[PDB]
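Visitor: My structure is in data-v9.pdb, and what it holds is PDB, N, CA and C atoms:
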ATOM      1  N   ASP E 776       3.546 -43.435  -3.514
ATOM      2  CA  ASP E 776       4.278 -42.499  -4.352
ATOM      3  C   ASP E 776       5.706 -42.389  -3.848
ATOM      4  N   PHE E 777       6.649 -42.304  -4.778
ATOM      5  CA  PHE E 777       8.055 -42.173  -4.432
ATOM      6  C   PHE E 777       8.503 -40.728  -4.303
ATOM      7  N   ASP E 778       7.595 -39.754  -4.384
ATOM      8  CA  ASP E 778       8.020 -38.357  -4.342
ATOM      9  C   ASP E 778       8.536 -37.975  -2.959
ATOM     10  N   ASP E 779       8.000 -38.602  -1.909
ATOM     11  CA  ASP E 779       8.503 -38.356  -0.561
ATOM     12  C   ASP E 779       9.973 -38.717  -0.431
ATOM     13  N   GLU E 780      10.482 -39.577  -1.309
ATOM     14  CA  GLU E 780      11.903 -39.869  -1.386
ATOM     15  C   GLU E 780      12.580 -39.190  -2.569
ATOM     16  N   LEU E 781      11.815 -38.716  -3.552
ATOM     17  CA  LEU E 781      12.404 -37.938  -4.636
ATOM     18  C   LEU E 781      12.879 -36.588  -4.123
ATOM     19  N   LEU E 782      12.015 -35.882  -3.390
ATOM     20  CA  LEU E 782      12.404 -34.587  -2.842
ATOM     21  C   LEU E 782      13.512 -34.716  -1.808
ATOM     22  N   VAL E 783      13.806 -35.932  -1.353
ATOM     23  CA  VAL E 783      14.980 -36.163  -0.519
ATOM     24  C   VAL E 783      16.205 -36.433  -1.384
ATOM     25  N   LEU E 784      16.082 -37.369  -2.324
ATOM     26  CA  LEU E 784      17.234 -37.773  -3.118
ATOM     27  C   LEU E 784      17.577 -36.737  -4.178
ATOM     28  N   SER E 785      16.568 -36.118  -4.789
ATOM     29  CA  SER E 785      16.823 -35.189  -5.882
ATOM     30  C   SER E 785      17.629 -33.993  -5.401
ATOM     31  N   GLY E 786      18.531 -33.534  -6.258
ATOM     32  CA  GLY E 786      19.383 -32.414  -5.923
ATOM     33  C   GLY E 786      18.673 -31.088  -6.065
ATOM     34  N   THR E 787      18.622 -30.312  -4.986
ATOM     35  CA  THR E 787      18.004 -28.993  -5.009
ATOM     36  C   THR E 787      18.699 -28.117  -3.978
ATOM     37  N   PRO E 788      19.457 -27.103  -4.397
ATOM     38  CA  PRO E 788      20.019 -26.172  -3.406
ATOM     39  C   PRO E 788      18.948 -25.482  -2.585
ATOM     40  N   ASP E 789      17.795 -25.184  -3.191
ATOM     41  CA  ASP E 789      16.704 -24.569  -2.442
ATOM     42  C   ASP E 789      16.211 -25.491  -1.336
ATOM     43  N   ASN E 790      15.874 -26.735  -1.678
ATOM     44  CA  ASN E 790      15.409 -27.665  -0.657
ATOM     45  C   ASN E 790      16.486 -27.903   0.390
ATOM     46  N   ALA E 791      17.755 -27.889  -0.026
ATOM     47  CA  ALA E 791      18.840 -28.136   0.916
ATOM     48  C   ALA E 791      19.015 -26.971   1.876
ATOM     49  N   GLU E 792      18.739 -25.748   1.420
ATOM     50  CA  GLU E 792      18.925 -24.586   2.279
ATOM     51  C   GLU E 792      17.852 -24.464   3.355
ATOM     52  N   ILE E 793      16.737 -25.176   3.231
ATOM     53  CA  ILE E 793      15.762 -25.284   4.308
ATOM     54  C   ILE E 793      15.920 -26.590   5.078
ATOM     55  N   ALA E 794      16.419 -27.639   4.424
ATOM     56  CA  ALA E 794      16.819 -28.828   5.165
ATOM     57  C   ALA E 794      17.894 -28.489   6.182
ATOM     58  N   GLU E 795      18.862 -27.662   5.788
ATOM     59  CA  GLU E 795      19.889 -27.226   6.720
ATOM     60  C   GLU E 795      19.289 -26.430   7.868
ATOM     61  N   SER E 796      18.290 -25.591   7.588
ATOM     62  CA  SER E 796      17.635 -24.836   8.649
ATOM     63  C   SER E 796      16.954 -25.768   9.647
ATOM     64  N   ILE E 797      16.229 -26.769   9.145
ATOM     65  CA  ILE E 797      15.487 -27.651  10.044
ATOM     66  C   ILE E 797      16.440 -28.556  10.821
ATOM     67  N   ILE E 798      17.568 -28.937  10.213
ATOM     68  CA  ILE E 798      18.573 -29.691  10.958
ATOM     69  C   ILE E 798      19.235 -28.808  12.009
ATOM     70  N   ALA E 799      19.446 -27.532  11.693
ATOM     71  CA  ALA E 799      20.019 -26.624  12.677
ATOM     72  C   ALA E 799      19.100 -26.473  13.879
ATOM     73  N   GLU E 800      17.792 -26.369  13.638
ATOM     74  CA  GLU E 800      16.853 -26.280  14.754
ATOM     75  C   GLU E 800      16.842 -27.561  15.582
ATOM     76  N   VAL E 801      16.885 -28.721  14.927
ATOM     77  CA  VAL E 801      16.905 -30.019  15.607
ATOM     78  C   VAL E 801      17.904 -30.900  14.858
ATOM     79  N   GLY E 802      19.065 -31.140  15.469
ATOM     80  CA  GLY E 802      20.087 -31.938  14.806
ATOM     81  C   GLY E 802      20.351 -33.255  15.510
ATOM     82  N   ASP E 803      19.345 -33.769  16.222
ATOM     83  CA  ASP E 803      19.480 -34.967  17.045
ATOM     84  C   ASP E 803      20.033 -36.166  16.279
ATOM     85  N   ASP E 804      19.301 -36.635  15.270
ATOM     86  CA  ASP E 804      19.659 -37.829  14.520
ATOM     87  C   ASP E 804      18.822 -37.937  13.255
ATOM     88  N   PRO E 805      19.433 -38.348  12.138
ATOM     89  CA  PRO E 805      18.662 -38.494  10.889
ATOM     90  C   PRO E 805      17.487 -39.446  11.000
ATOM     91  N   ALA E 806      17.586 -40.485  11.828
ATOM     92  CA  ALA E 806      16.433 -41.347  12.068
ATOM     93  C   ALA E 806      15.339 -40.591  12.812
ATOM     94  N   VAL E 807      15.720 -39.554  13.557
ATOM     95  CA  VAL E 807      14.749 -38.809  14.351
ATOM     96  C   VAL E 807      14.216 -37.608  13.574
ATOM     97  N   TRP E 808      15.101 -36.851  12.913
ATOM     98  CA  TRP E 808      14.651 -35.593  12.318
ATOM     99  C   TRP E 808      14.032 -35.800  10.943
ATOM    100  N   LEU E 809      14.046 -37.027  10.429
ATOM    101  CA  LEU E 809      13.436 -37.291   9.123
ATOM    102  C   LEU E 809      11.939 -36.998   9.074
ATOM    103  N   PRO E 810      11.110 -37.438  10.035
ATOM    104  CA  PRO E 810       9.688 -37.064   9.971
ATOM    105  C   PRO E 810       9.460 -35.566   9.987
ATOM    106  N   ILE E 811      10.218 -34.817  10.788
ATOM    107  CA  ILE E 811       9.963 -33.384  10.872
ATOM    108  C   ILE E 811      10.506 -32.661   9.647
ATOM    109  N   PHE E 812      11.557 -33.192   9.019
ATOM    110  CA  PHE E 812      11.987 -32.653   7.734
ATOM    111  C   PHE E 812      10.910 -32.860   6.679
ATOM    112  N   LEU E 813      10.297 -34.045   6.658
ATOM    113  CA  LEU E 813       9.161 -34.262   5.767
ATOM    114  C   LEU E 813       8.002 -33.337   6.117
ATOM    115  N   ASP E 814       7.824 -33.046   7.404
ATOM    116  CA  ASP E 814       6.778 -32.125   7.835
ATOM    117  C   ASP E 814       7.001 -30.733   7.259
ATOM    118  N   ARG E 815       8.217 -30.201   7.402
ATOM    119  CA  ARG E 815       8.499 -28.884   6.838
ATOM    120  C   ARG E 815       8.434 -28.904   5.319
ATOM    121  N   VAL E 816       8.741 -30.046   4.700
ATOM    122  CA  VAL E 816       8.550 -30.187   3.258
ATOM    123  C   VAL E 816       7.077 -30.031   2.900
ATOM    124  N   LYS E 817       6.204 -30.705   3.651
ATOM    125  CA  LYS E 817       4.768 -30.556   3.436
ATOM    126  C   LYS E 817       4.301 -29.143   3.757
ATOM    127  N   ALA E 818       5.050 -28.429   4.598
ATOM    128  CA  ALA E 818       4.679 -27.063   4.948
ATOM    129  C   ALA E 818       4.964 -26.090   3.806
ATOM    130  N   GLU E 819       6.055 -26.297   3.070
ATOM    131  CA  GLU E 819       6.384 -25.456   1.926
ATOM    132  C   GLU E 819       5.708 -25.916   0.645
ATOM    133  N   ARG E 820       5.269 -27.175   0.576
ATOM    134  CA  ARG E 820       4.785 -27.726  -0.686
ATOM    135  C   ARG E 820       3.480 -27.071  -1.123
ATOM    136  N   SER E 821       2.914 -26.215  -0.277
ATOM    137  CA  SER E 821       1.886 -25.271  -0.687
ATOM    138  C   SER E 821       2.080 -23.908  -0.035
TER
ATOM    139  N   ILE P 486      -8.702  -7.109 -28.790
ATOM    140  CA  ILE P 486     -10.046  -6.878 -29.302
ATOM    141  C   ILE P 486     -10.942  -8.063 -28.984
ATOM    142  N   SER P 487     -10.444  -9.276 -29.217
ATOM    143  CA  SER P 487     -11.242 -10.463 -28.935
ATOM    144  C   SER P 487     -11.528 -10.590 -27.446
ATOM    145  N   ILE P 488     -10.492 -10.494 -26.608
ATOM    146  CA  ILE P 488     -10.675 -10.701 -25.172
ATOM    147  C   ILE P 488     -11.642  -9.674 -24.603
ATOM    148  N   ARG P 489     -11.582  -8.436 -25.096
ATOM    149  CA  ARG P 489     -12.601  -7.466 -24.722
ATOM    150  C   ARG P 489     -13.973  -7.901 -25.215
ATOM    151  N   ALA P 490     -14.049  -8.433 -26.437
ATOM    152  CA  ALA P 490     -15.339  -8.857 -26.971
ATOM    153  C   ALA P 490     -15.930 -10.004 -26.168
ATOM    154  N   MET P 491     -15.089 -10.863 -25.594
ATOM    155  CA  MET P 491     -15.555 -11.947 -24.742
ATOM    156  C   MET P 491     -15.846 -11.489 -23.319
ATOM    157  N   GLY P 492     -15.859 -10.182 -23.076
ATOM    158  CA  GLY P 492     -16.303  -9.650 -21.803
ATOM    159  C   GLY P 492     -15.448 -10.028 -20.615
ATOM    160  N   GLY P 493     -14.128  -9.899 -20.753
ATOM    161  CA  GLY P 493     -13.223 -10.104 -19.647
ATOM    162  C   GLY P 493     -12.170  -9.010 -19.612
ATOM    163  N   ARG P 494     -11.487  -8.920 -18.478
ATOM    164  CA  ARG P 494     -10.418  -7.946 -18.307
ATOM    165  C   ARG P 494      -9.268  -8.298 -19.236
ATOM    166  N   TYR P 495      -8.763  -7.308 -19.950
ATOM    167  CA  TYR P 495      -7.523  -7.431 -20.700
ATOM    168  C   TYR P 495      -6.604  -6.317 -20.220
ATOM    169  N   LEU P 496      -5.456  -6.687 -19.682
ATOM    170  CA  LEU P 496      -4.517  -5.688 -19.207
ATOM    171  C   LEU P 496      -3.505  -5.394 -20.302
ATOM    172  N   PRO P 497      -3.509  -4.208 -20.863
ATOM    173  CA  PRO P 497      -2.540  -3.888 -21.884
ATOM    174  C   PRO P 497      -1.245  -3.333 -21.321
ATOM    175  N   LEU P 498      -0.418  -4.221 -20.779
ATOM    176  CA  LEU P 498       0.837  -3.806 -20.171
ATOM    177  C   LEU P 498       1.704  -3.072 -21.183
ATOM    178  N   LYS P 499       2.256  -1.937 -20.766
ATOM    179  CA  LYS P 499       3.134  -1.156 -21.619
ATOM    180  C   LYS P 499       4.120  -0.397 -20.748
ATOM    181  N   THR P 500       5.272  -0.080 -21.328
ATOM    182  CA  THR P 500       6.275   0.690 -20.613
ATOM    183  C   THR P 500       5.806   2.126 -20.423
ATOM    184  N   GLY P 501       6.223   2.732 -19.311
ATOM    185  CA  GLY P 501       5.931   4.121 -19.032
ATOM    186  C   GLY P 501       4.619   4.379 -18.328
ATOM    187  N   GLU P 502       3.706   3.415 -18.310
ATOM    188  CA  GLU P 502       2.445   3.570 -17.607
ATOM    189  C   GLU P 502       2.463   2.705 -16.359
ATOM    190  N   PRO P 503       1.829   3.127 -15.266
ATOM    191  CA  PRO P 503       1.897   2.347 -14.024
ATOM    192  C   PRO P 503       1.380   0.932 -14.230
ATOM    193  N   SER P 504       1.991  -0.015 -13.513
ATOM    194  CA  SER P 504       1.743  -1.431 -13.769
ATOM    195  C   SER P 504       0.283  -1.798 -13.528
ATOM    196  N   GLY P 505      -0.307  -1.298 -12.449
ATOM    197  CA  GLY P 505      -1.698  -1.554 -12.153
ATOM    198  C   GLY P 505      -1.958  -2.692 -11.191
ATOM    199  N   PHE P 506      -1.051  -3.657 -11.085
ATOM    200  CA  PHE P 506      -1.162  -4.736 -10.115
ATOM    201  C   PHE P 506       0.173  -4.938  -9.412
ATOM    202  N   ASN P 507       0.120  -5.183  -8.110
ATOM    203  CA  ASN P 507       1.302  -5.365  -7.284
ATOM    204  C   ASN P 507       0.972  -6.274  -6.111
ATOM    205  N   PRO P 508       1.972  -6.958  -5.555
ATOM    206  CA  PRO P 508       1.729  -7.920  -4.468
ATOM    207  C   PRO P 508       1.574  -7.316  -3.078
ATOM    208  N   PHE P 509       1.269  -6.022  -2.963
ATOM    209  CA  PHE P 509       1.279  -5.367  -1.657
ATOM    210  C   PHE P 509       0.241  -5.969  -0.714
ATOM    211  N   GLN P 510      -0.942  -6.303  -1.227
ATOM    212  CA  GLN P 510      -2.050  -6.759  -0.399
ATOM    213  C   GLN P 510      -2.180  -8.281  -0.346
ATOM    214  N   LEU P 511      -1.083  -9.015  -0.515
ATOM    215  CA  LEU P 511      -1.164 -10.467  -0.609
ATOM    216  C   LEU P 511      -1.605 -11.077   0.722
ATOM    217  N   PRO P 512      -2.245 -12.250   0.692
ATOM    218  CA  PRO P 512      -2.616 -12.911   1.945
ATOM    219  C   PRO P 512      -1.388 -13.346   2.721
ATOM    220  N   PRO P 513      -1.472 -13.402   4.054
ATOM    221  CA  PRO P 513      -0.266 -13.588   4.872
ATOM    222  C   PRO P 513       0.042 -15.021   5.297
ATOM    223  N   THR P 514      -0.660 -16.018   4.756
ATOM    224  CA  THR P 514      -0.420 -17.394   5.175
ATOM    225  C   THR P 514       1.018 -17.811   4.856
ATOM    226  N   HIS P 515       1.481 -18.858   5.546
ATOM    227  CA  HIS P 515       2.893 -19.227   5.469
ATOM    228  C   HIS P 515       3.278 -19.687   4.067
ATOM    229  N   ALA P 516       2.355 -20.331   3.349
ATOM    230  CA  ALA P 516       2.624 -20.674   1.956
ATOM    231  C   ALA P 516       2.756 -19.420   1.095
ATOM    232  N   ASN P 517       1.876 -18.441   1.307
ATOM    233  CA  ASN P 517       1.992 -17.190   0.570
ATOM    234  C   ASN P 517       3.262 -16.446   0.958
ATOM    235  N   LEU P 518       3.673 -16.548   2.222
ATOM    236  CA  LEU P 518       4.964 -15.993   2.606
ATOM    237  C   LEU P 518       6.094 -16.694   1.870
ATOM    238  N   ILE P 519       5.992 -18.016   1.707
ATOM    239  CA  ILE P 519       6.990 -18.750   0.933
ATOM    240  C   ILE P 519       7.072 -18.186  -0.477
ATOM    241  N   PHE P 520       5.916 -18.008  -1.123
ATOM    242  CA  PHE P 520       5.937 -17.474  -2.483
ATOM    243  C   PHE P 520       6.531 -16.078  -2.540
ATOM    244  N   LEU P 521       6.148 -15.199  -1.618
ATOM    245  CA  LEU P 521       6.599 -13.819  -1.732
ATOM    246  C   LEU P 521       8.089 -13.713  -1.431
ATOM    247  N   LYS P 522       8.581 -14.541  -0.506
ATOM    248  CA  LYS P 522      10.016 -14.627  -0.280
ATOM    249  C   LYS P 522      10.721 -15.099  -1.545
ATOM    250  N   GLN P 523      10.157 -16.110  -2.211
ATOM    251  CA  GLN P 523      10.750 -16.579  -3.458
ATOM    252  C   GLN P 523      10.780 -15.472  -4.502
ATOM    253  N   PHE P 524       9.691 -14.713  -4.619
ATOM    254  CA  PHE P 524       9.629 -13.659  -5.626
ATOM    255  C   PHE P 524      10.694 -12.606  -5.376
ATOM    256  N   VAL P 525      10.774 -12.093  -4.145
ATOM    257  CA  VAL P 525      11.758 -11.047  -3.881
ATOM    258  C   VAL P 525      13.167 -11.604  -4.024
ATOM    259  N   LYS P 526      13.339 -12.913  -3.810
ATOM    260  CA  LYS P 526      14.637 -13.521  -4.088
ATOM    261  C   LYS P 526      14.887 -13.632  -5.588
ATOM    262  N   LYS P 527      13.820 -13.616  -6.392
ATOM    263  CA  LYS P 527      13.992 -13.660  -7.843
ATOM    264  C   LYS P 527      14.022 -12.263  -8.447
ATOM    265  N   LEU P 528      13.223 -11.339  -7.908
ATOM    266  CA  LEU P 528      13.305  -9.950  -8.343
ATOM    267  C   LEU P 528      14.717  -9.411  -8.183
ATOM    268  N   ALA P 529      15.373  -9.749  -7.076
ATOM    269  CA  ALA P 529      16.751  -9.334  -6.873
ATOM    270  C   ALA P 529      17.651 -10.004  -7.898
ATOM    271  N   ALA P 530      18.100  -9.222  -8.885
ATOM    272  CA  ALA P 530      18.999  -9.747  -9.940
ATOM    273  C   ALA P 530      20.057  -8.680 -10.224
ATOM    274  N   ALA P 531      19.753  -7.421  -9.890
ATOM    275  CA  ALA P 531      20.734  -6.325 -10.067
ATOM    276  C   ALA P 531      21.889  -6.540  -9.084
ATOM    277  N   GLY P 532      21.561  -6.888  -7.836
ATOM    278  CA  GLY P 532      22.503  -7.599  -6.950
ATOM    279  C   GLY P 532      23.066  -8.820  -7.652
ATOM    280  N   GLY P 533      24.336  -8.764  -8.070
ATOM    281  CA  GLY P 533      24.959  -9.873  -8.822
ATOM    282  C   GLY P 533      24.591 -11.238  -8.266
TER
END
Before anything else, please render the file you have as structure tokens.
Guide:
Amino acid sequence: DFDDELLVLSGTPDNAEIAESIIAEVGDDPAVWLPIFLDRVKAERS
Amino acid sequence: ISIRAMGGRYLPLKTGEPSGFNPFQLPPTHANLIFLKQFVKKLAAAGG
């Protein structure tokens, strides 16, 4: 499924305002923080 | 009349009478916290 990349590429101020939170908590590197951003996405997705 | 005849709850919402249902006793899981945060962020509209 491409939704794991849709919720990344698609424009959403709501999703961005928690992406910013998770990057603020861990801002090491996009190659590094991508799995945990997907993790928090799965955390809100229900 | 029909929904009562089918033996289920029908809530006749009307102005001036207490609502009867409210989110006070909601479950506390993090997903439910997500929803309730979203709701209070949507209820707030009088705040421009």
Visitor: Would you give me, as a list in words, the residues of chain P that come within 7 Å of chain E, using only N, CA and C atoms?
Guide: residues 515, 516, 517 and 519 of chain P
Visitor: Restricted to N, CA and C atoms, what would the selected residues look like written as a PDB file, in the frame of the given file?
Guide:
ATOM      1  N   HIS P 515       1.481 -18.858   5.546  1.00  0.00           N
ATOM      2  CA  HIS P 515       2.893 -19.227   5.469  1.00  0.00           C
ATOM      3  C   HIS P 515       3.278 -19.687   4.067  1.00  0.00           C
ATOM      4  N   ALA P 516       2.355 -20.331   3.349  1.00  0.00           N
ATOM      5  CA  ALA P 516       2.624 -20.674   1.956  1.00  0.00           C
ATOM      6  C   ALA P 516       2.756 -19.420   1.095  1.00  0.00           C
ATOM      7  N   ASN P 517       1.876 -18.441   1.307  1.00  0.00           N
ATOM      8  CA  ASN P 517       1.992 -17.190   0.570  1.00  0.00           C
ATOM      9  C   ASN P 517       3.262 -16.446   0.958  1.00  0.00           C
ATOM     10  N   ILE P 519       5.992 -18.016   1.707  1.00  0.00           N
ATOM     11  CA  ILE P 519       6.990 -18.750   0.933  1.00  0.00           C
ATOM     12  C   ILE P 519       7.072 -18.186  -0.477  1.00  0.00           C
TER      13      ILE P 519
END
Visitor: Enter the distance from CA of residue 499 (chain P) to CA of residue 529 (chain P), in Å, rounded to one decimal.
Guide: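 Between CA of residue 499 (chain P) and CA of residue 529 (chain P) the gap is 21.7 Å.
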Visitor: How would you write, as a PyMOL selection string, the set of residues in chain E that DSSP gives as helix (DSSP H, G or I)?
Guide: chain E and resi 778-784+788-800+805-819
Visitor: Neighbours of region 795-803 of chain E within 8 Å (all atoms listed in the file; same-chain residues fewer than 5 positions away dropped), as an MDAnalysis selection string?
Guide: chainID E and resid 789:790 808 811:812 815
Visitor: To one decimal in Å, tell me the separation between atom C of residue 778 (chain E) and atom N of residue 518 (chain P).
Guide: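 These two atoms are separated by 22.6 Å.
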Visitor: Take CA of residue 498 (chain P) and atom N of residue 521 (chain P) and report the distance between them in Å, one decimal.
Guide: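 Between CA of residue 498 (chain P) and atom N of residue 521 (chain P) the gap works out to 22.4 Å.
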Visitor: Which centre and which edge lengths, in Å to one decimal, describe the axis-aligned box that holds all listed atoms of region 518-523 of chain P after 4 Å is added on each side, as JSON?
Guide:
{"center_x": 7.2, "center_y": -16.2, "center_z": -0.9, "size_x": 15.1, "size_y": 13.0, "size_z": 15.1}
Visitor: Could region 500-521 of chain P be written out with N, CA and C atoms, as a PDB file, in the first residue's frame, please?
Guide:
ATOM      1  N   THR P 500     -33.830  22.060  21.388  1.00  0.00           N
ATOM      2  CA  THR P 500     -33.270  23.179  22.125  1.00  0.00           C
ATOM      3  C   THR P 500     -34.005  23.367  23.446  1.00  0.00           C
ATOM      4  N   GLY P 501     -33.274  23.835  24.457  1.00  0.00           N
ATOM      5  CA  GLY P 501     -33.849  24.145  25.748  1.00  0.00           C
ATOM      6  C   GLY P 501     -33.919  22.990  26.721  1.00  0.00           C
ATOM      7  N   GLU P 502     -33.774  21.756  26.255  1.00  0.00           N
ATOM      8  CA  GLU P 502     -33.774  20.601  27.135  1.00  0.00           C
ATOM      9  C   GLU P 502     -32.363  20.051  27.231  1.00  0.00           C
ATOM     10  N   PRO P 503     -31.952  19.511  28.378  1.00  0.00           N
ATOM     11  CA  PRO P 503     -30.568  19.042  28.521  1.00  0.00           C
ATOM     12  C   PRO P 503     -30.228  17.993  27.474  1.00  0.00           C
ATOM     13  N   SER P 504     -28.968  18.011  27.028  1.00  0.00           N
ATOM     14  CA  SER P 504     -28.565  17.207  25.877  1.00  0.00           C
ATOM     15  C   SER P 504     -28.746  15.717  26.142  1.00  0.00           C
ATOM     16  N   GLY P 505     -28.368  15.252  27.327  1.00  0.00           N
ATOM     17  CA  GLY P 505     -28.535  13.863  27.689  1.00  0.00           C
ATOM     18  C   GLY P 505     -27.318  12.989  27.483  1.00  0.00           C
ATOM     19  N   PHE P 506     -26.417  13.352  26.576  1.00  0.00           N
ATOM     20  CA  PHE P 506     -25.167  12.635  26.379  1.00  0.00           C
ATOM     21  C   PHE P 506     -24.013  13.622  26.289  1.00  0.00           C
ATOM     22  N   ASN P 507     -22.891  13.273  26.903  1.00  0.00           N
ATOM     23  CA  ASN P 507     -21.708  14.116  26.943  1.00  0.00           C
ATOM     24  C   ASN P 507     -20.464  13.249  27.056  1.00  0.00           C
ATOM     25  N   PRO P 508     -19.314  13.750  26.605  1.00  0.00           N
ATOM     26  CA  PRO P 508     -18.080  12.950  26.603  1.00  0.00           C
ATOM     27  C   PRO P 508     -17.345  12.870  27.935  1.00  0.00           C
ATOM     28  N   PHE P 509     -18.007  13.151  29.059  1.00  0.00           N
ATOM     29  CA  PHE P 509     -17.301  13.251  30.334  1.00  0.00           C
ATOM     30  C   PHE P 509     -16.656  11.926  30.731  1.00  0.00           C
ATOM     31  N   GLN P 510     -17.340  10.809  30.491  1.00  0.00           N
ATOM     32  CA  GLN P 510     -16.884   9.502  30.947  1.00  0.00           C
ATOM     33  C   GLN P 510     -16.142   8.711  29.870  1.00  0.00           C
ATOM     34  N   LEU P 511     -15.499   9.385  28.920  1.00  0.00           N
ATOM     35  CA  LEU P 511     -14.889   8.689  27.795  1.00  0.00           C
ATOM     36  C   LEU P 511     -13.710   7.832  28.257  1.00  0.00           C
ATOM     37  N   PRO P 512     -13.397   6.754  27.531  1.00  0.00           N
ATOM     38  CA  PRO P 512     -12.229   5.947  27.888  1.00  0.00           C
ATOM     39  C   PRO P 512     -10.943   6.727  27.695  1.00  0.00           C
ATOM     40  N   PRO P 513      -9.901   6.428  28.479  1.00  0.00           N
ATOM     41  CA  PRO P 513      -8.713   7.292  28.505  1.00  0.00           C
ATOM     42  C   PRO P 513      -7.559   6.872  27.600  1.00  0.00           C
ATOM     43  N   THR P 514      -7.757   5.893  26.715  1.00  0.00           N
ATOM     44  CA  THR P 514      -6.660   5.439  25.869  1.00  0.00           C
ATOM     45  C   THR P 514      -6.163   6.577  24.974  1.00  0.00           C
ATOM     46  N   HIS P 515      -4.931   6.423  24.478  1.00  0.00           N
ATOM     47  CA  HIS P 515      -4.277   7.524  23.772  1.00  0.00           C
ATOM     48  C   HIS P 515      -5.005   7.872  22.478  1.00  0.00           C
ATOM     49  N   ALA P 516      -5.599   6.880  21.812  1.00  0.00           N
ATOM     50  CA  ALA P 516      -6.423   7.177  20.643  1.00  0.00           C
ATOM     51  C   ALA P 516      -7.665   7.974  21.031  1.00  0.00           C
ATOM     52  N   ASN P 517      -8.313   7.592  22.133  1.00  0.00           N
ATOM     53  CA  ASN P 517      -9.464   8.355  22.598  1.00  0.00           C
ATOM     54  C   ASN P 517      -9.047   9.749  23.046  1.00  0.00           C
ATOM     55  N   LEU P 518      -7.850   9.878  23.619  1.00  0.00           N
ATOM     56  CA  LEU P 518      -7.334  11.208  23.918  1.00  0.00           C
ATOM     57  C   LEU P 518      -7.141  12.012  22.642  1.00  0.00           C
ATOM     58  N   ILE P 519      -6.656  11.365  21.578  1.00  0.00           N
ATOM     59  CA  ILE P 519      -6.526  12.042  20.291  1.00  0.00           C
ATOM     60  C   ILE P 519      -7.879  12.574  19.843  1.00  0.00           C
ATOM     61  N   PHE P 520      -8.909  11.725  19.902  1.00  0.00           N
ATOM     62  CA  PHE P 520     -10.231  12.182  19.479  1.00  0.00           C
ATOM     63  C   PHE P 520     -10.739  13.331  20.333  1.00  0.00           C
ATOM     64  N   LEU P 521     -10.593  13.239  21.652  1.00  0.00           N
ATOM     65  CA  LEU P 521     -11.192  14.261  22.499  1.00  0.00           C
ATOM     66  C   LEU P 521     -10.446  15.583  22.355  1.00  0.00           C
TER      67      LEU P 521
END
